[PDB]
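A short worksheet on the structure shown next.
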Amino acid sequence: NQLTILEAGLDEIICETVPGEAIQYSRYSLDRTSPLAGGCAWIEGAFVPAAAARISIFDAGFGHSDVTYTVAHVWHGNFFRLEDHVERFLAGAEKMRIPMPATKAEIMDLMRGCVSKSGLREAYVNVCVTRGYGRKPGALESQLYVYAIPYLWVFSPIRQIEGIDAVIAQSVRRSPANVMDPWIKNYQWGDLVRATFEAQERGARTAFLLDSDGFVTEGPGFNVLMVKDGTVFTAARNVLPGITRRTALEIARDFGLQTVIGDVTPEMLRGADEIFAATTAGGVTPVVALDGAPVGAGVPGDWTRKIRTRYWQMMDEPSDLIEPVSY
Amino acid sequence: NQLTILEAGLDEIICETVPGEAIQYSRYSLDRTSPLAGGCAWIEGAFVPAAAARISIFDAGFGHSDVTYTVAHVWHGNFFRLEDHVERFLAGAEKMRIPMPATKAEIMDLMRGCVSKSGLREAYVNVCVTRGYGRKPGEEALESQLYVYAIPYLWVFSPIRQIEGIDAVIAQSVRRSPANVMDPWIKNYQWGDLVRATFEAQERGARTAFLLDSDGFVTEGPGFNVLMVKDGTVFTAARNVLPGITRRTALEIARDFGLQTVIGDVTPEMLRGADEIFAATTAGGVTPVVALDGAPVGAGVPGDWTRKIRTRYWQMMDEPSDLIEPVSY
Amino acid sequence: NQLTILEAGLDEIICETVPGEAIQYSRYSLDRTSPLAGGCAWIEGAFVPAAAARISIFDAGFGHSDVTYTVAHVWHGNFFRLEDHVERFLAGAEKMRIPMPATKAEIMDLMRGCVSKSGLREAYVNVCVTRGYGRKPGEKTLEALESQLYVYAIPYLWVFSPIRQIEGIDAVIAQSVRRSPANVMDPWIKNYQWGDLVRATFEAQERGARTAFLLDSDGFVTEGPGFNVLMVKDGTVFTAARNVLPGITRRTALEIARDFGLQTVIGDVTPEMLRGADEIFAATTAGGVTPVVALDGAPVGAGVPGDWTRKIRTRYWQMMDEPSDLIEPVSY
Amino acid sequence: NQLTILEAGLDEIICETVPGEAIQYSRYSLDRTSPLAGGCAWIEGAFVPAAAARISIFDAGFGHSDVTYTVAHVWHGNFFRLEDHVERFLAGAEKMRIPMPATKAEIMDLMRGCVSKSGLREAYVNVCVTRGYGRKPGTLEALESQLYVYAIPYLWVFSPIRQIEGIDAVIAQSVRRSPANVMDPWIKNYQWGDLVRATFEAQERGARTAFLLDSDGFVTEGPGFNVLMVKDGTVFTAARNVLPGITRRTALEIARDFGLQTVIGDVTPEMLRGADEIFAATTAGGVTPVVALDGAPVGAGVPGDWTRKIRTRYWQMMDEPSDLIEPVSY
Ligand SMILES: *Cc1c(COP(=O)(O)O)cnc(C)c1O
Ligand SMILES: *Cc1c(COP(=O)(O)O)cnc(C)c1O
Ligand SMILES: *Cc1c(COP(=O)(O)O)cnc(C)c1O
Ligand SMILES: *Cc1c(COP(=O)(O)O)cnc(C)c1O
């Protein structure tokens, strides 16, 4: 019962990448003067080493999964779309009716602080808000937790270039919008874990989940997009509106492709020219086989590669999307 | 956005009960010799005060809710159906594919240990197992984490409401998690739908809600099973619910009272025509439901059979049996 | 157990309408010398009086509801969007894998024939194709299709009466039943499987409303018994994409709305969106555009037919007379 | 787009059976003097030959599938469980809120009359009631519901040879069974959009038929038949989102007579994949072994012991006098 949700990064500041391709870590030396260097969390008023970051077991964020979150990443010392992330995070907490114990500006400053104190130039930055464990010592009960740890990869840097295989899950379906809405990024992964176990048993890396009506939704930690005859399709319902997805669609429109956020069928996936995954934890990933059949030509698709390359170049190009971190 | 899931017991060792009725706390002075008294947790090899019980934020039990659990209670210093609870707990972790980092016997001893150290004679005892946060410090052994805690007994509905009854709605804005998403058969921490249903109950002016499944059948509520009585038979859902151990006990009691029992599909129409409706959970026992969607259930007061089952339930806490295990304090 | 799916038009060539408003029947006298006048069907190669139109009980269109269809109407002697209707009909039969035993031009000609022979200037024209009852009489060498095409033209039918087209109706969101899922029997294919739509009508009746809107499995608003559901909010018209028929009245309403400068969005619609809407209206060939002025016992917007509903409805009925590619006069 | 729902019987009074096995047609000669012989229907008060049996196209039983039904069969001149069928029929029409325009006793007499006039000793006897096409010809007091009956030659979902040798099935992945809160499979009905889709999927995947899952992923039934499985001395069959079949009821009665336990309740695909035996049950053919599922053998991959015992006993009950059989008076 070994389970692989993330392929790389879990305790590795620098992961191996394809030489000469578009994904390259920063070349630097981490000053370890601070015990916060390498991973820093903010928990109940204090910045703490990641190895020491702990939460009350009585927080309903645990016992009821009464919690929502987002993950923004830092690459080459630049935050990517931090404000978009904190905006989505706040909208989700409102929908979940979890009161926010901090302002948008305070959350962004806490996130910048964890990164700065960690010294990490490539980072995974989780912020979550829970319903809390009751009255705080010392009036909102909601708890905000933040951490910046080394960048995490659902699929490894090598597979970002070379591609992955997938199945459409048959043993499990995605959480319905009227049960716990995937539109709200959340920690309830019972169906996503089941789907990953199914993919493993079927000899594939990961799975795409269908919803109650049989339409394609997302996978465990990533959105699913397809390209067919000049148009990029991706699900509207029963998925997170990913910000990597948002970026990929912006890039595709800049390339002159049309984009449709709307219902996607398995039959559409099986006739697609290309399929790729999208998530903050790794970026744009070609899906080159589906249910044991090649997607398109069976190699990373032409548009997927362009979109992926443009995505990584956007981590360095000055724009409204990139914010340098003050170390 | 204030949310009431539990009505009593949170940081409250002894709660108010109805004098002369079947629910009575122990009469004693809590021995506070040890800092564990009043609330004891077991976390990563150590017994610690409940107030200091913390888990790694990186446990997948948090970030993926990759966790299952059970809750057994202690009443009058007796564990109730401890072995049934650990057996169900183990079966659910197997189904969830979470490797168990201890034996049944070790789990039972950790639970007994937390209660004994807490000194509580009326206690809520949670054990859960998580996928974990990766390789355990110092240690390819298992990564799963077992956490235990014993805290003062918790009440979904207060002791006074266990006697006087509560009101409910059938939820219309949310459905119960399907068996083929995350099965309610496995007791779990994914309460997104159960919290939404509680908010809907509050908006509609009722205490709590019963959720329907995708096909429109009655399942359970936020932290409790739903049973109904009609013309000499007790009905309760089979699918898309936890097979509750309070439910199991109530059905055993009902049969000994001469009632028939059917675990099977339950419709809203069945509920609306019921003679009686009650809730069942370890966190409070057997609760009359006296109004549904603003209409009285039967005569609108706690029903004859509900009261008999409730009384027998609490009497079982004091009756030596294979269900009762005294805790050594 | 009495059930009202249609309010007017059954065995009534002329129904009462609101004087001065946009819905008016033709003024004429029907020549009844032909037994086909007043209602004509085409069944298995013969034009017959509608009252005598019967089909084999062994047709799988009955025993398995293995059938799809469309309804086009005639108003003031003009077919409205006949070609759009036959194209959707053909596309649905293909999806349902029912071989079509006639060409598009032949179907259009049979529908024109039924109307012409009925003499009706205001008509409801149903064409359906069934899987059939097996090998046709006289055979046609196993090679041949078993599918059956049935057509009829009868007096125009009203899901909601002409008066209610002006004054509006009330509705409920159904709670006892849900719409057929796309992965069971897709509402995208116009079909005769109305088990859920009948249940929803009964529920509306029990709750004291004229009709019901059904939700899908995920809780989104779909359509009602025989009509699409549209809403208006802050300059945008919304209507469901999934688990509904892509109605041609809906199509026309959205075209009119964009001509009026409104935005249009075919996509997921929630009950919360409906409860906040400025306006709600129904759309179907059997009646046109109907204001919905109360939902679940609460007024919709200001509680009277909305400004945009009325403008769209008025333009819709005007399009029955305005020369265009949407209307084709019937040769009587 | 050729679709196979039934394998035999559609226009054949006598179909091929396996010599020596439990299924044998009567040996007789049908007098065809009467136009009713070989197939008789009752429509709006008239007994008519099957080939002339037609209904108004305006019946809502067509345009809205506002109709429920049952099928009882006749074998060796005996009706099998006729009264059980009419009681279930009546109960479904009540749930569907279709007023019944005839008594139970009248319904049974019409079915016996169609069979008698048909002359068929092995027959498929459908009775359905529809919402109707409006006021009947000839007061608005009166019911508009239409009762239609026909007796035609016995029909086979799976051929009599396959009844002995077994069939292969798939679990459908492209379609699900109609939910109880859409149109309840508990009411026998004509809405087969999902069942037809499931059949096309089976054909595409190279199996004879499919089993449909419900929304929650549990095993329901197939196109015109219930699904039962045997595991370690217990027969399992779905409770929800299926017709409570009368063949199923008989098979469970027999299983308990044989000492087996029976559970009507939720069935998962994992239960099917672990079963000793799987079989189908329907009035149109009886008890059929399912010997392969999703391309994998069921148990030993040949008709199972209990399946053959139940099927053999089923066919023998067509001849043994009992409360279940009622001879037709021809
Ligand atoms: C986070 C995640 C995604 C991707 O969202 P991003 O904003 O691009 O990181 C998609 N689906 C699920 C379930 C996720 O958890
Ligand atoms: C715990 C709980 C129950 C009750 O189960 P018990 O064994 O009686 O405590 C029922 N349903 C849910 C969702 C629960 O969390
Ligand atoms: C036909 C009908 C409609 C309306 O479609 P039109 O093309 O406008 O007539 C909508 N929904 C259902 C279920 C219908 O039967
Ligand atoms: C009729 C049929 C059955 C079998 O029912 P019987 O009473 O045994 O004939 C099972 N399922 C479906 C869908 C059917 O149509």
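By order of appearance in the structure tokens: chains A, B, ..., then residues from 1 within every chain, and ligands from 1 in the order shown.
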Q: Identify, counting only C-alpha atoms and all ligand atoms, the protein, DNA and RNA residues located within 10 Å of ligand 3, and give them as an MDAnalysis selection string.
A: (chainID C and resid 69:73 81 84:85 88:89 179 187:194 197 222:229 243:253 282:289) or (chainID D and resid 64)
Would you save the residues from that selection as a CSV table (one decimal), in the first residue's frame, using C-alpha atoms?
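And here's result-v5.csv as it stands now:
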```
chain,number,residue,atom,x,y,z
C,69,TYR,CA,-38.1,13.5,-32.3
C,70,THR,CA,-38.4,17.2,-32.8
C,71,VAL,CA,-41.4,19.6,-33.0
C,72,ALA,CA,-41.4,22.5,-35.4
C,73,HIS,CA,-44.4,24.9,-35.5
C,81,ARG,CA,-36.7,27.2,-38.3
C,84,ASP,CA,-32.7,23.9,-37.9
C,85,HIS,CA,-35.3,21.4,-36.4
C,88,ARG,CA,-31.2,18.7,-34.7
C,89,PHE,CA,-33.5,15.7,-35.1
C,179,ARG,CA,-33.4,15.2,-14.3
C,187,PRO,CA,-31.6,15.2,-22.3
C,188,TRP,CA,-29.4,16.5,-25.1
C,189,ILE,CA,-31.3,14.1,-27.3
C,190,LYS,CA,-35.0,15.1,-27.5
C,191,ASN,CA,-36.8,12.0,-26.3
C,192,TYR,CA,-40.0,10.5,-25.0
C,193,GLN,CA,-38.6,9.2,-21.7
C,194,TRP,CA,-40.6,11.6,-19.4
C,197,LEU,CA,-40.6,15.2,-16.0
C,222,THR,CA,-31.5,22.0,-15.9
C,223,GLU,CA,-34.9,22.4,-17.7
C,224,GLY,CA,-38.6,21.7,-17.0
C,225,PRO,CA,-41.3,19.4,-18.5
C,226,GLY,CA,-41.1,20.4,-22.2
C,227,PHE,CA,-39.2,23.7,-22.0
C,228,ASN,CA,-35.8,25.2,-21.3
C,229,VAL,CA,-35.2,27.6,-18.4
C,243,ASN,CA,-28.5,17.8,-18.9
C,244,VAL,CA,-30.9,19.9,-21.1
C,245,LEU,CA,-32.2,19.9,-24.6
C,246,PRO,CA,-30.4,22.6,-26.7
C,247,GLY,CA,-33.8,24.1,-27.5
C,248,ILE,CA,-34.4,26.1,-30.7
C,249,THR,CA,-36.7,28.5,-28.9
C,250,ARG,CA,-33.8,28.9,-26.5
C,251,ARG,CA,-31.5,29.4,-29.5
C,252,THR,CA,-33.8,32.1,-30.8
C,253,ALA,CA,-34.1,33.8,-27.5
C,282,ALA,CA,-39.3,29.4,-20.1
C,283,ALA,CA,-38.7,28.7,-23.8
C,284,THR,CA,-40.3,26.0,-26.0
C,285,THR,CA,-41.9,25.5,-29.4
C,286,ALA,CA,-45.2,24.8,-27.7
C,287,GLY,CA,-45.9,28.3,-26.6
C,288,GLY,CA,-42.8,30.4,-27.2
C,289,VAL,CA,-41.3,32.6,-24.4
D,64,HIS,CA,-44.0,10.4,-22.7
```
(Q) Quick check: residues of chain C within 12 Å of chain B, only C-alpha atoms, returned as a PyMOL selection string. (A) chain C and resi 173-181+215-220+270-272
Q | 12 Å contacts from chain A to chain D using only C-alpha atoms, as a ChimeraX atom specification | A | /A:168-176,210-215,265-267
Using N, CA, C and O atoms, can you write the selected residues to a file as a tab-separated table (two decimals), in the first residue's frame?
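File produced: result.tsv:
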```
chain	number	residue	atom	x	y	z
A	168	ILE	N	-8.28	6.87	-17.07
A	168	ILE	CA	-9.55	7.38	-16.56
A	168	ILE	C	-10.02	6.42	-15.47
A	168	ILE	O	-10.19	5.22	-15.71
A	169	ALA	N	-10.20	6.95	-14.26
A	169	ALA	CA	-10.57	6.12	-13.13
A	169	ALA	C	-11.94	5.49	-13.34
A	169	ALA	O	-12.89	6.15	-13.79
A	170	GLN	N	-12.05	4.20	-13.03
A	170	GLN	CA	-13.33	3.51	-13.08
A	170	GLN	C	-13.84	3.10	-11.70
A	170	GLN	O	-15.02	2.74	-11.60
A	171	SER	N	-13.01	3.12	-10.66
A	171	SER	CA	-13.39	2.65	-9.33
A	171	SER	C	-13.86	3.76	-8.39
A	171	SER	O	-14.31	3.46	-7.28
A	172	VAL	N	-13.74	5.02	-8.81
A	172	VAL	CA	-13.99	6.15	-7.94
A	172	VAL	C	-14.34	7.33	-8.84
A	172	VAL	O	-13.92	7.38	-10.00
A	173	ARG	N	-15.14	8.25	-8.31
A	173	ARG	CA	-15.54	9.48	-8.99
A	173	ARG	C	-15.15	10.69	-8.14
A	173	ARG	O	-14.90	10.57	-6.95
A	174	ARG	N	-15.10	11.86	-8.78
A	174	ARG	CA	-14.75	13.09	-8.08
A	174	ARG	C	-15.88	13.54	-7.15
A	174	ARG	O	-17.06	13.45	-7.49
A	175	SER	N	-15.51	14.03	-5.97
A	175	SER	CA	-16.45	14.70	-5.07
A	175	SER	C	-17.39	15.65	-5.81
A	175	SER	O	-16.92	16.58	-6.48
A	176	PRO	N	-18.71	15.43	-5.74
A	176	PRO	CA	-19.67	16.34	-6.40
A	176	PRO	C	-19.64	17.75	-5.85
A	176	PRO	O	-19.35	17.99	-4.67
A	210	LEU	N	-13.81	11.04	-13.32
A	210	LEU	CA	-15.07	11.53	-13.87
A	210	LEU	C	-15.99	11.99	-12.74
A	210	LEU	O	-15.84	11.60	-11.59
A	211	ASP	N	-16.98	12.82	-13.10
A	211	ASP	CA	-17.99	13.25	-12.14
A	211	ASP	C	-19.22	12.34	-12.27
A	211	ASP	O	-19.20	11.34	-12.99
A	212	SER	N	-20.32	12.69	-11.58
A	212	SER	CA	-21.48	11.80	-11.54
A	212	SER	C	-22.06	11.56	-12.92
A	212	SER	O	-22.56	10.46	-13.20
A	213	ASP	N	-22.01	12.56	-13.80
A	213	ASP	CA	-22.57	12.44	-15.14
A	213	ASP	C	-21.59	11.86	-16.15
A	213	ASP	O	-21.94	11.74	-17.33
A	214	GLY	N	-20.39	11.49	-15.72
A	214	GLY	CA	-19.42	10.86	-16.60
A	214	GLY	C	-18.51	11.81	-17.34
A	214	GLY	O	-17.84	11.38	-18.30
A	215	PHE	N	-18.44	13.08	-16.94
A	215	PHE	CA	-17.58	14.05	-17.59
A	215	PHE	C	-16.23	14.09	-16.90
A	215	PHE	O	-16.10	13.80	-15.71
A	265	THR	N	-15.67	15.30	-22.33
A	265	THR	CA	-16.07	13.89	-22.25
A	265	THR	C	-14.87	12.97	-22.41
A	265	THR	O	-13.83	13.36	-22.96
A	266	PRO	N	-14.99	11.72	-21.96
A	266	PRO	CA	-13.92	10.75	-22.27
A	266	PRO	C	-13.68	10.61	-23.77
A	266	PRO	O	-12.53	10.46	-24.20
A	267	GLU	N	-14.74	10.67	-24.57
A	267	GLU	CA	-14.59	10.56	-26.02
A	267	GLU	C	-13.78	11.72	-26.58
A	267	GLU	O	-12.97	11.54	-27.50
```
Tell me the residues of chain B close to chain A, meaning within 8 Å using only C-alpha atoms, as an mmCIF file with C-alpha atoms, in the first residue's frame.
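File produced: part_19.cif:
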```
data_model
loop_
_atom_site.group_PDB
_atom_site.id
_atom_site.type_symbol
_atom_site.label_atom_id
_atom_site.label_comp_id
_atom_site.auth_asym_id
_atom_site.auth_seq_id
_atom_site.Cartn_x
_atom_site.Cartn_y
_atom_site.Cartn_z
ATOM 1 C CA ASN B 1 -20.496 31.673 10.257
ATOM 2 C CA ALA B 52 -0.030 20.257 24.475
ATOM 3 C CA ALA B 53 -1.105 17.577 21.957
ATOM 4 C CA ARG B 54 0.124 18.643 18.517
ATOM 5 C CA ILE B 55 0.825 16.854 15.221
ATOM 6 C CA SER B 56 3.151 17.660 12.335
ATOM 7 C CA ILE B 57 1.461 20.036 9.916
ATOM 8 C CA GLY B 61 -3.803 13.080 7.643
ATOM 9 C CA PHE B 62 -4.076 16.874 7.544
ATOM 10 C CA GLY B 63 -3.216 17.910 3.979
ATOM 11 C CA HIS B 64 -5.030 14.985 2.305
ATOM 12 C CA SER B 65 -7.374 13.957 5.159
ATOM 13 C CA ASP B 66 -5.624 10.609 4.691
ATOM 14 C CA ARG B 97 -5.175 1.176 2.559
ATOM 15 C CA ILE B 98 -3.443 2.844 5.517
ATOM 16 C CA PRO B 99 -0.917 0.443 7.104
ATOM 17 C CA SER B 173 -28.556 22.112 -0.372
ATOM 18 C CA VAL B 174 -25.997 19.299 0.073
ATOM 19 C CA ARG B 175 -25.801 15.507 -0.304
ATOM 20 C CA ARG B 176 -23.808 12.873 1.582
ATOM 21 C CA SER B 177 -20.461 11.804 0.144
ATOM 22 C CA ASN B 180 -17.606 5.702 -4.693
ATOM 23 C CA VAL B 181 -16.098 9.083 -3.724
ATOM 24 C CA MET B 182 -15.165 8.606 -0.056
ATOM 25 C CA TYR B 189 -12.530 13.293 8.903
ATOM 26 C CA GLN B 190 -13.892 14.578 5.579
ATOM 27 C CA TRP B 191 -16.852 16.604 6.872
ATOM 28 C CA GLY B 192 -17.330 19.139 4.045
ATOM 29 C CA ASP B 193 -20.852 17.902 3.378
#
```
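When CA of residue 26 in chain C is paired with CA of residue 109 in chain C, their separation reads 23.1 Å.
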Q | Spatial neighbours of range 19-34 of chain D, max dist 8 Å, only C-alpha atoms, sep filter under 6 positions, as a PyMOL selection string | A | chain D and resi 75-76+119-122+160+164+312+315-316
File dump, residues just selected, N, CA, C and O atoms, as a PDB file, in the first residue's frame:
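Contents of part_12.pdb, as written:
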```
ATOM      1  N   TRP D  75     -45.978 -21.781 -20.359  1.00  0.00           N
ATOM      2  CA  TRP D  75     -45.089 -22.861 -20.757  1.00  0.00           C
ATOM      3  C   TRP D  75     -45.840 -24.173 -20.584  1.00  0.00           C
ATOM      4  O   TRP D  75     -46.449 -24.397 -19.535  1.00  0.00           O
ATOM      5  N   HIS D  76     -45.809 -25.020 -21.614  1.00  0.00           N
ATOM      6  CA  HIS D  76     -46.590 -26.262 -21.617  1.00  0.00           C
ATOM      7  C   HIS D  76     -48.040 -25.985 -21.231  1.00  0.00           C
ATOM      8  O   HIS D  76     -48.656 -26.720 -20.455  1.00  0.00           O
ATOM      9  N   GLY D 119     -53.688 -19.801 -29.110  1.00  0.00           N
ATOM     10  CA  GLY D 119     -53.360 -21.208 -29.242  1.00  0.00           C
ATOM     11  C   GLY D 119     -51.949 -21.576 -28.834  1.00  0.00           C
ATOM     12  O   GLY D 119     -51.582 -22.755 -28.919  1.00  0.00           O
ATOM     13  N   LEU D 120     -51.151 -20.611 -28.382  1.00  0.00           N
ATOM     14  CA  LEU D 120     -49.751 -20.856 -28.066  1.00  0.00           C
ATOM     15  C   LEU D 120     -49.617 -21.538 -26.710  1.00  0.00           C
ATOM     16  O   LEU D 120     -50.175 -21.072 -25.711  1.00  0.00           O
ATOM     17  N   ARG D 121     -48.870 -22.641 -26.672  1.00  0.00           N
ATOM     18  CA  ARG D 121     -48.598 -23.304 -25.402  1.00  0.00           C
ATOM     19  C   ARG D 121     -47.344 -22.765 -24.725  1.00  0.00           C
ATOM     20  O   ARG D 121     -47.182 -22.942 -23.513  1.00  0.00           O
ATOM     21  N   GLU D 122     -46.465 -22.106 -25.475  1.00  0.00           N
ATOM     22  CA  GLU D 122     -45.312 -21.399 -24.924  1.00  0.00           C
ATOM     23  C   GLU D 122     -45.431 -19.943 -25.366  1.00  0.00           C
ATOM     24  O   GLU D 122     -45.276 -19.640 -26.553  1.00  0.00           O
ATOM     25  N   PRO D 160     -32.197 -20.549 -26.096  1.00  0.00           N
ATOM     26  CA  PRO D 160     -32.268 -21.754 -25.253  1.00  0.00           C
ATOM     27  C   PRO D 160     -30.958 -22.509 -25.186  1.00  0.00           C
ATOM     28  O   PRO D 160     -30.688 -23.170 -24.178  1.00  0.00           O
ATOM     29  N   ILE D 164     -28.308 -23.029 -21.541  1.00  0.00           N
ATOM     30  CA  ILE D 164     -27.546 -24.166 -21.024  1.00  0.00           C
ATOM     31  C   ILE D 164     -26.056 -23.856 -20.972  1.00  0.00           C
ATOM     32  O   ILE D 164     -25.391 -24.111 -19.965  1.00  0.00           O
ATOM     33  N   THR D 312     -32.542 -25.993 -13.544  1.00  0.00           N
ATOM     34  CA  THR D 312     -33.261 -27.241 -13.783  1.00  0.00           C
ATOM     35  C   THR D 312     -34.542 -27.292 -12.970  1.00  0.00           C
ATOM     36  O   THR D 312     -35.598 -27.675 -13.485  1.00  0.00           O
ATOM     37  N   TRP D 315     -37.337 -24.950 -14.504  1.00  0.00           N
ATOM     38  CA  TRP D 315     -38.084 -25.471 -15.642  1.00  0.00           C
ATOM     39  C   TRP D 315     -39.010 -26.617 -15.248  1.00  0.00           C
ATOM     40  O   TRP D 315     -40.078 -26.782 -15.853  1.00  0.00           O
ATOM     41  N   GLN D 316     -38.639 -27.394 -14.227  1.00  0.00           N
ATOM     42  CA  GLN D 316     -39.510 -28.472 -13.771  1.00  0.00           C
ATOM     43  C   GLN D 316     -40.756 -27.937 -13.081  1.00  0.00           C
ATOM     44  O   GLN D 316     -41.804 -28.589 -13.115  1.00  0.00           O
TER      45      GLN D 316
END
```
Q. Contacts of residue 46 in chain D at 12 Å or less, counting only C-alpha atoms, minus same-chain residues fewer than 2 places along, as a list in words?
A. residues 36, 40, 41, 42, 43, 44, 48, 49, 50, 52, 53, 54, 55, 110, 113, 114, 147, 148, 149 and 150 of chain D
Q) Using only C-alpha atoms and all ligand atoms, which protein or nucleic acid residues are at most 6 Å from ligand 4, as a ChimeraX atom specification? A) /D:221,223-226,243,245-248,281-283
Take the selection from the previous step and output its residues with C-alpha atoms, as an mmCIF file, in the first residue's frame.
```cif
data_model
loop_
_atom_site.group_PDB
_atom_site.id
_atom_site.type_symbol
_atom_site.label_atom_id
_atom_site.label_comp_id
_atom_site.auth_asym_id
_atom_site.auth_seq_id
_atom_site.Cartn_x
_atom_site.Cartn_y
_atom_site.Cartn_z
ATOM 1 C CA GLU D 221 -29.384 -5.282 -13.407
ATOM 2 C CA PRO D 223 -31.195 -5.026 -20.197
ATOM 3 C CA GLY D 224 -34.308 -7.033 -19.324
ATOM 4 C CA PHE D 225 -32.905 -9.236 -16.561
ATOM 5 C CA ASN D 226 -31.787 -9.277 -12.946
ATOM 6 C CA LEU D 243 -36.804 -4.445 -10.833
ATOM 7 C CA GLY D 245 -38.057 -9.654 -10.663
ATOM 8 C CA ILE D 246 -40.327 -12.649 -10.299
ATOM 9 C CA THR D 247 -37.781 -15.000 -11.865
ATOM 10 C CA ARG D 248 -35.406 -13.574 -9.244
ATOM 11 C CA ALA D 281 -32.876 -14.085 -14.344
ATOM 12 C CA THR D 282 -35.860 -12.989 -16.439
ATOM 13 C CA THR D 283 -39.267 -14.156 -17.620
#
```
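Across B:309, B:227, B:317, B:263, the tightest approach to chain D is made by B:263 when counting only C-alpha atoms.
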